[PDB]
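Numbering (our numbering), first residue to last: 11 to 126.
Using N, Cα and C, we set each Cβ at its ideal position, and we do this for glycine too.
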Amino acid sequence: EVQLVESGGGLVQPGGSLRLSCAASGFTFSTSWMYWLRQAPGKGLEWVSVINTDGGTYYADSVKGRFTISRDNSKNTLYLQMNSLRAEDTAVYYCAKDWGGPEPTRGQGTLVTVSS
Numbered sequence: 011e012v013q014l015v016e017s018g019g020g021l022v023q024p025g026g027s028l029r030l031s032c033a034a035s036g037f038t039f040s041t042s043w044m045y046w047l048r049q050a051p052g053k054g055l056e057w058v059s060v061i062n063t064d065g066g067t068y069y070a071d072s073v074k075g076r077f078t079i080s081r082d083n084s085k086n087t088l089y090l091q092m093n094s095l096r097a098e099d100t101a102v103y104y105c106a107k108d109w110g111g112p113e114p115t116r117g118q119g120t121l122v123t124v125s126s
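Encoded structure:
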């Protein structure tokens, strides 16, 4: 089976930072496009960030200049560096493999709560 295991979330003040990680196994990580998604409570899933197999990246508008996606292929890890956090960023964050196909898979999630 594929496993995607996220961690690094927490409760943080606005303006703070977190670094999420996802540990991947059970598929060929280095040939997959990798994603961060989020689900704010009360809402559905939305995409946050995407990294292709050559390290090129795409971002949702509201996170540009704040969040950075990166991949460490040697260690099967996807990262989300989250700087300058906002209350509106409160959500469960999910790692996902090949969300636009083929064989999409989502992780278990890590909660980020941004509050003063």
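Host beta strand (DSSP E) of residue i (start-end)
i: residue 120; result: 120-124
i: residue 11; result: Note, residue 11: premise wrong, no beta strand (DSSP E); not H, not E.
i: residue 64; result: Neither: residue 64 is in no beta strand (DSSP E) and is coded neither H nor E.
i: residue 102; result: 101-107
i: residue 77; result: 77-82
Residue i at chain C interface by Cβ criterion, 7 Å
i: residue 44; result: Any reference to chain C falls outside this structure, which holds one protein chain only.
6 Å Cβ shell around residue i - same chain, five flanking residues per side excluded
i: residue 115; result: 12 and 107
Straight-line gap, residue i to residue j (C-alpha atoms, nearest Å)
i: residue 75; j: residue 113; result: 30 Å
i: residue 15; j: residue 87; result: 10 Å
i: residue 33; j: residue 109; result: 16 Å
i: residue 99; j: residue 38; result: 30 Å
i: residue 60; j: residue 97; result: 22 Å
Residue from the options with nearest C-alpha to residue i
i: residue 48; options: 80, 125 and 119; result: 119
i: residue 64; options: 122, 79 and 30; result: 79
i: residue 101; options: 29, 30, 125 and 51; result: 51
Chain-order list of residues whose beta-carbon lies under 8 Å from that of residue i (same chain, five-residue window excluded)
i: residue 27; result: 91, 92, 93, 94 and 95
i: residue 40; result: 63 and 83
| request: Determine, using beta-carbon pairs with one atom in the region 62-70 and one in the region 18-27, whether at least three such pairs fall under 8 Å. | output: Output reads no: the region 18-27 does not touch the region 62-70.
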